[PDB]
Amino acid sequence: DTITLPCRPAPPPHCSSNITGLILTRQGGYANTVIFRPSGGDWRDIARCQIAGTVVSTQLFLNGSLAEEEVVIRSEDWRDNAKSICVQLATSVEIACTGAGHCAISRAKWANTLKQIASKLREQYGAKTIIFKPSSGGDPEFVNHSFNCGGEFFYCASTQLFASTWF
């Protein structure tokens, strides 16, 4: 079973990539749960993570650098909800595009990735319940997972990737 993200326009098969990281925003305000969404920032947030490869992408790092042994999370200031949280994976997650308007990701591999991310965030914020929620909104490039490939620019709705609760 897989997670099938709608994309426009249709990414061709040679644009399938390896998700190597992602960038999150921690929701503000105040239940002992901590909520994360794909970043509400912009290109400055993405560049300062310093784990991207050559592909320009939002929300997810494609074909970037991998951590050595386990997931690593970093932030310029954990107490500032306006600073994004950089998540660098240790084993990549493949995202295969069919050329028909969708790119697919294994549900079990994505769930196991989110569990490791949740665990690292749990140790950083000393919480108990980590909740991933969809983008709060924004321009098409940032509310979607967007990325360039072969001179073309593609937009994939990512709401299915960020919708889980982890204890």
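Numbers follow the displayed sequence, beginning with 1. So that the term is clear: the rigid core is the largest set of C-alpha atoms that superpose within 1.5 Å between two forms.
- Remark: when the other structures in 4 other deposited structures of this protein are fitted onto this one via the rigid core, 39-47 deviates more than the alternative among 129-137 and 39-47, judged by RMS CA distance.
- Of the two segments 59-67 and 120-128, the one whose CA positions lie farther from the displayed form in 4 other deposited structures of this protein, once all are superposed on the rigid core, is 120-128.
- The entry models residue 30 and residue 31 with a gap of 1 to 3 deposited residues left without coordinates.
- Look at the C-alpha B-factors of 119-127 and of 33-41. On average they run higher in 119-127.
- The PDB entry reports B-factors from which the mean C-alpha value can be compared for 128-136 and 55-63; the larger average falls on 128-136.
- Looking at the C-alpha B-factors along this chain, the one for residue 86 belongs to the lowest third.
- Ranked against the other modelled residues of its chain, the C-alpha B-factor of residue 111 as given in the entry falls in the highest third.
- In the deposited entry, the Cα temperature factor of residue 49 sits in the middle third of values across the chain's modelled residues.
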